[PDB]
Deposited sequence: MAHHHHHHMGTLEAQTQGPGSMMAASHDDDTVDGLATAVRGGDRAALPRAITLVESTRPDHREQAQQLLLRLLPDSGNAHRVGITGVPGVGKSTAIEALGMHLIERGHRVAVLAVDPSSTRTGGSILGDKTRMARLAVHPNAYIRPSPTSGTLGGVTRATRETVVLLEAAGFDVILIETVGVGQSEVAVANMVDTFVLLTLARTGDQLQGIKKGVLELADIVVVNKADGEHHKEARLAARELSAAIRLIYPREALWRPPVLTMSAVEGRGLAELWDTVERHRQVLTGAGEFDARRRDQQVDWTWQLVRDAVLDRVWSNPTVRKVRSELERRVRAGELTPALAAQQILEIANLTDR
């Protein structure tokens, strides 16, 4: 039973956890309902953790950094979980848990958010959530974590190559990675350039202006200082009452997103609407039909076949 599973999860049973996550990842209407009851039971045991999101372009070094950070943390007495929303030395360790990405963005987002509750209830005190680069995936992850970390390249004038614009402003901390080999001095200059842009984007910020750090994830340099900064972010926000405020706001926002997706899905997933979408859009693109009149036809058609 749900009541049994909850007891085994919070008591720390290593076999219960993956079964609980499996229940949460299921989109069968029977499973969703018990999942919701299980999460209700475990919600009071959650929240005692720091949730950190980590993003950056393919090949910037996210997996290398996460592995090195995960070991740094395990050696300091933390229990560390890694999730991906789309590391062999780490996976070995009993105080780590690593899980691959679970359909749509809404769906992977929901499954990830619910899995966080389970991990925290199971005693994990650090949750690292990696993007797979792009969807609206960066925003989704930023909205479920306490501290969002952007990794960039350590090259003057080229740090943000390949990043979706607007992602810089999501970051609580920015890191220039691969500050090694022929790019030690270059990395400092590249960090100073990003710092200059961050001062322009946050010119009179008084609580937290995102720091720009350098790192060599492959040589294991800069991970400790990155975590020191993640802790300082939490301390600063907590002293201002904003750490809890951010979480409460994210939960209310997610509630309304669930309401939105439920009501919009009826229209979007409607086979007949899917059939006529192309032609209705073509008519709009060609100025043969107004957006308002095309919207009305979409709604009428959904309603006739719902």
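Asks: Write out the missing regions of the deposited sequence in sequence order, one range per stretch.
Replies: Unmodelled stretches: 1 to 30, 117 to 132, 149 to 150, 355.
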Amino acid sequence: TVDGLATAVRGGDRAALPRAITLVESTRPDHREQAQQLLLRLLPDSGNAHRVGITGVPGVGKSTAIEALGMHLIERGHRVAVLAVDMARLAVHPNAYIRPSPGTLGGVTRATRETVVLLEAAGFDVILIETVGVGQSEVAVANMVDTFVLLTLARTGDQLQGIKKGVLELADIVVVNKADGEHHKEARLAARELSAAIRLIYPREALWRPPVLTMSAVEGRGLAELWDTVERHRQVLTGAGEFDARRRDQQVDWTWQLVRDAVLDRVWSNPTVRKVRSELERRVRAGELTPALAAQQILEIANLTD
From here on, numbers count along this sequence of modelled residues.
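Asks: Which of the two stretches, 40 to 48 or 66 to 74, shows the higher mean Cα temperature factor in the record?
Replies: Looking at the record's C-alpha B-factors, the answer is 40 to 48.
Asks: Between 129 to 137 and 201 to 209, which has the higher average C-alpha B-factor in the PDB entry?
Replies: The entry gives the higher C-alpha B-factor average to 129 to 137.
Asks: Looking at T255, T55, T238, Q34, which has the highest CA B-factor as recorded?
Replies: In the PDB entry, the greatest C-alpha B-factor among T255, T55, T238, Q34 is found at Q34.
Asks: Whose CA atom has the top B-factor in the entry, of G123, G181, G166, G220?
Replies: Result of the comparison over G123, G181, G166, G220: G181.
Asks: Looking at the C-alpha B-factor of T112, is it in the lowest, middle or highest third of its chain?
Replies: Middle third of the chain for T112's C-alpha B-factor.
Asks: Can you tell me whether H233 has a C-alpha B-factor in the lowest, middle or highest third compared with the other modelled residues of the same chain?
Replies: Within its chain, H233 is a lowest-third residue by C-alpha B-factor, going by the deposited values.
Asks: Quick one: classify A88 as lowest, middle or highest third of the chain based on its Cα B-factor.
Replies: It falls in the top third of the chain.
Asks: Which third, lowest, middle or highest, does the CA B-factor of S101 fall in along this chain?
Replies: Highest third, going by the recorded CA B-factors of the chain.
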